[PDB]
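Following: one structure in structure tokens, then a few remarks.
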Amino acid sequence: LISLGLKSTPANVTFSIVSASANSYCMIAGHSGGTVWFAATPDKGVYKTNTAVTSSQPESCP
Amino acid sequence: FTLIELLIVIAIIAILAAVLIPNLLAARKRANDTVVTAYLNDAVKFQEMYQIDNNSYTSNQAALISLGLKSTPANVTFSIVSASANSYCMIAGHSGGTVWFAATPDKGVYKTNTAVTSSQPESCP
Amino acid sequence: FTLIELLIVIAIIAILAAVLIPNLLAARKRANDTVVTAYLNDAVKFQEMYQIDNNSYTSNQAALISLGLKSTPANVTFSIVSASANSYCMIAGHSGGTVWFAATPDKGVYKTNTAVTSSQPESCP
Amino acid sequence: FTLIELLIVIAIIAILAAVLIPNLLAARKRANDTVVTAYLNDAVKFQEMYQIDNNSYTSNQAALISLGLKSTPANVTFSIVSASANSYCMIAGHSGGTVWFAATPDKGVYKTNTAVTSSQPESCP
Amino acid sequence: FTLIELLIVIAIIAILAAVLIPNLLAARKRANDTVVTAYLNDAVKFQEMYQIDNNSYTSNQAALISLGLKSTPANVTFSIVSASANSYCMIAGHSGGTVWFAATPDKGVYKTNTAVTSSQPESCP
Ligand SMILES: *[C@H]1O[C@H](CO)[C@H](O)[C@H](O[C@H]2O[C@H](CO)[C@H](O)[C@H](O[C@H]3O[C@H](CO)[C@@H](O[C@]4(C(=O)O)C[C@H](O)[C@H](NC(C)=N)[C@H]([C@@H](NC(C)=O)[C@H](C)O)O4)[C@H](O)[C@@H]3O)[C@H]2NC(C)=O)[C@H]1NC(C)=O
Ligand SMILES: *[C@H]1O[C@H](CO)[C@H](O)[C@H](O[C@H]2O[C@H](CO)[C@H](O)[C@H](O[C@H]3O[C@H](CO)[C@@H](O[C@]4(C(=O)O)C[C@H](O)[C@H](NC(C)=N)[C@H]([C@@H](NC(C)=O)[C@H](C)O)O4)[C@H](O)[C@@H]3O)[C@H]2NC(C)=O)[C@H]1NC(C)=O
Ligand SMILES: *[C@H]1O[C@H](CO)[C@H](O)[C@H](O[C@H]2O[C@H](CO)[C@H](O)[C@H](O[C@H]3O[C@H](CO)[C@@H](O[C@]4(C(=O)O)C[C@H](O)[C@H](NC(C)=N)[C@H]([C@@H](NC(C)=O)[C@H](C)O)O4)[C@H](O)[C@@H]3O)[C@H]2NC(C)=O)[C@H]1NC(C)=O
Ligand SMILES: *[C@H]1O[C@H](CO)[C@H](O)[C@H](O[C@H]2O[C@H](CO)[C@H](O)[C@H](O[C@H]3O[C@H](CO)[C@@H](O[C@]4(C(=O)O)C[C@H](O)[C@H](NC(C)=N)[C@H]([C@@H](NC(C)=O)[C@H](C)O)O4)[C@H](O)[C@@H]3O)[C@H]2NC(C)=O)[C@H]1NC(C)=O
Ligand SMILES: *[C@H]1O[C@H](CO)[C@H](O)[C@H](O[C@H]2O[C@H](CO)[C@H](O)[C@H](O[C@H]3O[C@H](CO)[C@@H](O[C@]4(C(=O)O)C[C@H](O)[C@H](NC(C)=N)[C@H]([C@@H](NC(C)=O)[C@H](C)O)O4)[C@H](O)[C@@H]3O)[C@H]2NC(C)=O)[C@H]1NC(C)=O
Ligand SMILES: *[C@H]1O[C@H](CO)[C@H](O)[C@H](O[C@H]2O[C@H](CO)[C@H](O)[C@H](O)[C@H]2NC(C)=O)[C@H]1NC(C)=O
Ligand SMILES: *[C@H]1O[C@H](CO)[C@H](O)[C@H](O[C@H]2O[C@H](CO)[C@H](O)[C@H](O)[C@H]2NC(C)=O)[C@H]1NC(C)=O
Ligand SMILES: *[C@H]1O[C@H](CO)[C@H](O)[C@H](O[C@H]2O[C@H](CO)[C@H](O)[C@H](O)[C@H]2NC(C)=O)[C@H]1NC(C)=O
Ligand SMILES: *[C@H]1O[C@H](CO)[C@H](O)[C@H](O[C@H]2O[C@H](CO)[C@H](O)[C@H](O)[C@H]2NC(C)=O)[C@H]1NC(C)=O
Ligand SMILES: *[C@H]1O[C@H](CO)[C@H](O)[C@H](O)[C@H]1NC(C)=O
Ligand SMILES: *[C@H]1O[C@H](CO)[C@H](O)[C@H](O)[C@H]1NC(C)=O
Ligand SMILES: *[C@H]1O[C@H](CO)[C@H](O)[C@H](O)[C@H]1NC(C)=O
Ligand SMILES: *[C@H]1O[C@H](CO)[C@H](O)[C@H](O)[C@H]1NC(C)=O
């Protein structure tokens with residue numbers, strides 16, 4: 001994604017691509033001083049999860 | 001410009017970011033079924049061209065590719081289930097489409113009831 | 001620093017506190033109408049996808065949700081007023097928007113004359 | 001908190017109020033040209049539909065409106081300059097756009113050199 | 001309203017100004033490749049029209065332009081590499097696209113491996 005033009009992960013943001021395939025992805029991101037982890041999938045779009053950023057990041061899209 | 005205007009701006013950004021993004025999966029499903037339909041319509045043209053040259057239909061894709069049918073599209077699995085002097089059955093589906101499609105010389109190209117997540121049909125419905 | 005400077009400071013704080021804060025209600029009204037417009041534009045995409053699969057439009061929202069339309073947004077009331085093989089009418093509005101919006105396959109998504117505080121239109125204007 | 005801090009705050013408010021507001025006229029000009037382009041693309045679809053029914057193009061907008069073309073958009077002046085069995089010329093512009101747009105069946109929809117403040121072109125450039 | 005609130009506002013403006021602006025170059029690259037693809041699809045229609053009139057393909061763009069193909073798009077370099085009674089090869093690319101595109105009557109319009117910053121392909125891959 002960075003090769004194609006996505007910038008460096010922002011300061012204090014931890015971003016992960018949890019899984020991907022020919023047809024779907026799940027991405028998770030959160031700021032150490034935000035409120036909650038956010039998830040992105042091609043069906044649900046970008047949305048906020050129930051998990052606080054002080055907890056360990058979700059292992060999958062809620 | 002003050003912190004309350006900036007909180008309103010942040011709140012409205014959060015709203016627009018949630019609603020102005022389409023369901024990308026649903027859009028790609030319908031495009032993917034179009035790829036499968038188009039590839040089966042091409043396989044049908046090439047079955048008729050093979051019939052012109054050989055008085056029979058192919059059972060193998062490499063004969064159709066020789067005549068001018070392109071490589072099976074990315075993420076499309078295509079099979080010629082059966083063929084004879086007089087008929088064929090072909091099945092194709094995209095791993096991120098909706099359903100398997102079938103092609104026969106009588107029914108044309110048509111969609112089956114079987115979802116692409118299930119194993120492919122063994123015959124034309 | 002003295003009591004007269006501090007009274008001037010207090011007086012000017014009272015002025016800036018009164019004028020530098022935006023009308024939050026008016027801002028949220030226009031954002032809310034954007035949510036309704038966006039949700040009806042999505043419902044329209046899913047009516048076309050249901051038409052691809054069924055050769056008819058839905059009268060019920062759960063069929064659109066199955067295909068990929070998301071839950072009706074918070075404070076948005078959405079209804080499919082009528083549907084047939086060939087047409088639909090959908091109505092939606094946010095309790096803190098300006099007016100009810102309508103969607104039909106000819107007129108697209110458009111705003112009605114009816115305020116969201118009034119009962120929803122029974123049909124497409 | 002003292003009068004010098006409050007004067008600094010007032011001075012910086014005056015700066016941010018001057019620079020953080022976009023050119024609204026320039027933004028609306030480009031949106032307005034999009035309305036004109038979109039309306040001419042629709043008029044082109046309806047000219048082809050009228051051609052399906054009548055084997056000729058319309059010279060009058062009411063025939064296109066009957067077939068399903070919507071009312072001319074607010075502040076857009078649209079005209080069908082000429083039409084025949086085989087061709088049309090249409091011109092449209094928004095009073096607060098940049099330039100007049102033209103549409104013909106060969107050139108498609110395209111922007112002319114004539115500013116919207118000048119009288120509309122009498123023919124397709 | 002005080003200097004600390006105004007510094008928070010300035011700090012948050014600096015954040016939003018950094019993150020809410022898209023990569024414009026990446027967006028324009030994909031639009032530019034669409035222009036090249038569309039122009040080659042048009043050149044292909046006009047090669048077939050020239051074939052209707054002349055029983056051969058063109059090697060020169062001015063023959064296609066006579067028949068109705070428009071001027072090569074801004075920043076698109078287009079060439080007809082070769083042509084005969086039975087085949088053609090055309091190459092096109094936008095100086096700010098991703099890769100050179102090729103067109104032939106068998107493979108259709110397709111993207112090559114060669115970046116637009118490199119010299120154009122001498123033949124169809
Ligand atoms: C986030 O943005 C900031 C903005 O200021 C900054 O750009 C960050 O740092 C990155 O950008 C730097 C300046 O451009 C560097 O590019 C740096 O490296 C990154 O980019 C490399 C080139 O794309 C990439 O390298 C590769 C490659 O070209 O494929 C990857 C492998 O290392 C590969 N090795 C092998 C064995 N396959 C090659 C390697 N080849 C061999 C045979 O060894 C090279 C050619 O020798 O190198 C890097 O891996 C990396 O992505 C980058 N900084 C950091 C910290 O990596 C930017 N952050 C990132 C990560 O992009
Ligand atoms: C899908 O399209 C993409 C587009 O980019 C790409 O073209 C794909 O790859 C294929 O195209 C390649 C470039 O042209 C290659 O052609 C490649 O091989 C295919 O085509 C061969 C020639 O038609 C074919 O070969 C044969 C033959 O000519 O009959 C078949 C047998 O292997 C045969 N062997 C025997 C024992 N009978 C001969 C063999 N002869 C002997 C005595 O050994 C040769 C002459 O040595 O070879 C290939 O089998 C194959 O179809 C092809 N790539 C791949 C992955 O196969 C394209 N995909 C396909 C499959 O067409
Ligand atoms: C709006 O989006 C939010 C996003 O967070 C959330 O997803 C909302 O809640 C819905 O999604 C939940 C999690 O997936 C649930 O799915 C929940 O149920 C909805 O989906 C059901 C399955 O599609 C649907 O059920 C059916 C069915 O599968 O056909 C419908 C009937 O109940 C049916 N019963 C009968 C008698 N025919 C079956 C039933 N079968 C039998 C024999 O009883 C099942 C198999 O036992 O169930 C539900 O009706 C429902 O749409 C859903 N939550 C709510 C509040 O319903 C989401 N909102 C909606 C409404 O989608
Ligand atoms: C642009 O869109 C907006 C969306 O809100 C709005 O719809 C605008 O207003 C138009 O739509 C109205 C509501 O439907 C009206 O239809 C209204 O009239 C238009 O449509 C008439 C019917 O198509 C049309 O009328 C005709 C006809 O039916 O042929 C045309 C002549 O007047 C004709 N008269 C004669 C002598 N031949 C007949 C007439 N017959 C006789 C014998 O007198 C009638 C039957 O009595 O009527 C109208 O001319 C008109 O197009 C329309 N509003 C306006 C301002 O006209 C919409 N804008 C337009 C112009 O469509
Ligand atoms: C791309 O589209 C844009 C859209 O705005 C614009 O139209 C571009 O410019 C072209 O269109 C102009 C306006 O119509 C001009 O037509 C212009 O010239 C082109 O078209 C000429 C007529 O088709 C063509 O001319 C010829 C001819 O008619 O055969 C070709 C030769 O020059 C020929 N000479 C000889 C010696 N055989 C004749 C010449 N005859 C003699 C005896 O000298 C003439 C009759 O005097 O002229 C031109 O060559 C040219 O294609 C054109 N502009 C440019 C820059 O050429 C459009 N771009 C193109 C290239 O079409
Ligand atoms: C189509 O080719 C198949 C392998 O690619 C397979 O061989 C099918 O069966 C044929 O077997 C040979 C040709 O390889 C025979 O002479 C017949 O063409 C045919 N045999 C039978 C049992 O019909 C062949 N077509 C099909 C499905 O018959
Ligand atoms: C859409 O579903 C509605 C309930 O969710 C309602 O059922 C509507 O009416 C249909 O009723 C059954 C299907 O449930 C019929 O076979 C028809 O689809 C239809 N009946 C009538 C009277 O048209 C249905 N769509 C609409 C509005 O017709
Ligand atoms: C399109 O309608 C115009 C009025 O709305 C005008 O009438 C144009 O001229 C036509 O006049 C009558 C139809 O009203 C004729 O029988 C022809 O259709 C046509 N006459 C001429 C001189 O061509 C008509 N279309 C155009 C521009 O011709
Ligand atoms: C297409 O036109 C080219 C110049 O625009 C060039 O002339 C190509 O070569 C032709 O040369 C003349 C026509 O100008 C001949 O009679 C043939 O059409 C052809 N000659 C050869 C060597 O084939 C012409 N098309 C191509 C690529 O042949
Ligand atoms: C198609 O023909 C090519 C040569 O043109 C190869 O022989 C290839 O093997 C053929 N495909 C089959 C297996 O029928
Ligand atoms: C949508 O499909 C789901 C299963 O995917 C449920 O059957 C649901 O009831 C459907 N909605 C309706 C009522 O059409
Ligand atoms: C379009 O048709 C309507 C009826 O459907 C009216 O007759 C109207 O006058 C028509 N427009 C014109 C003038 O062609
Ligand atoms: C296309 O035709 C025009 C006239 O209609 C000119 O003759 C032009 O030169 C032609 N293009 C070529 C060179 O084939």
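The first residue you see is number 1, and the count goes up from there.
The deposited model was determined using electron microscopy, 2.4 Å.
For all residues, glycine too, the Cβ spot is worked out from N, Cα and C.
Annotation comment: Swiss-Prot describes C:1-21 as transmembrane segment. According to Swiss-Prot, the N-methylphenylalanine annotation covers C:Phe1. Annotation comment: Swiss-Prot describes C:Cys89-C:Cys124 as disulfide bond, evidence class experimental evidence.
A map of Swiss-Prot features onto the structure.
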{"residue": "C:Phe1", "record": "N-methylphenylalanine", "DSSP (3 states)": "coil"}
{"residue": "C:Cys89", "record": "disulfide bond", "DSSP (3 states)": "strand"}
{"residue": "C:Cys124", "record": "disulfide bond", "DSSP (3 states)": "coil"}
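Residues of the same chain that lie 6 or more positions beyond the ends of the transmembrane segment (C:1-21) place no CB under 8 Å from a CB of it. Taking only the Cα positions, the spacing between C:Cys124 (disulfide bond) and C:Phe1 (N-methylphenylalanine) is 67 angstrom. Of the listed disulfide-bonded residues C:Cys89, C:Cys124, the Cβ environment within 10 Å is emptiest of other Cβ atoms at C:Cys124. On the backbone, the CA of C:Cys89 (disulfide bond) and the CA of C:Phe1 (N-methylphenylalanine) stand 69 Å apart. C:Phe1 (N-methylphenylalanine) counts 9 other C-beta atoms within 10 Å of its own C-beta, drawing on all protein chains shown. Residues from the set of recorded positions C:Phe1, C:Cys89, C:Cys124 situated with their C-beta under 8 Å of a chain D C-beta: C:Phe1.
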